[PDB]
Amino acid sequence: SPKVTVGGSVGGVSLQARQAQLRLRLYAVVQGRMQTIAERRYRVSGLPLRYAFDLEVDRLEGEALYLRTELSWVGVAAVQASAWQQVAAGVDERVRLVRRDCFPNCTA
């Protein structure tokens, strides 16, 4: 089951030592439906963060892929910053977080 890596770095906000989570969801249209095909969460206290999904090429073949990246604070169930972009396998994909207007004090 040969695999290729969809990976890169997440940056673009300063966490300043605050405990955070990054939730990365990889989307693809699978027979015409937009679906999450993979998800990772990372616990971090600074950026940038290097990420990687190792996915079967059989699963990736022919697919547009989209990466949804969401920063939250640990202890607060709310998105503080996020990114949405098309990505491609085997490419170092730079994810640049965009702060919400309510950052860093967004609420659940």
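Numbers follow the displayed sequence, beginning with 1.
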| query | finding |
| --- | --- |
| 45-53 versus 25-33 - greater average Cα B-factor per the deposited record | 25-33 |
| Between 69-77 and 54-62 (mean CA B-factor, as deposited), the higher | 54-62 |
| CA B-factor placement of residue 90, once the chain's modelled residues are sorted into thirds | highest |
| Record-listed C-alpha B factor of residue 14: chain third | highest |
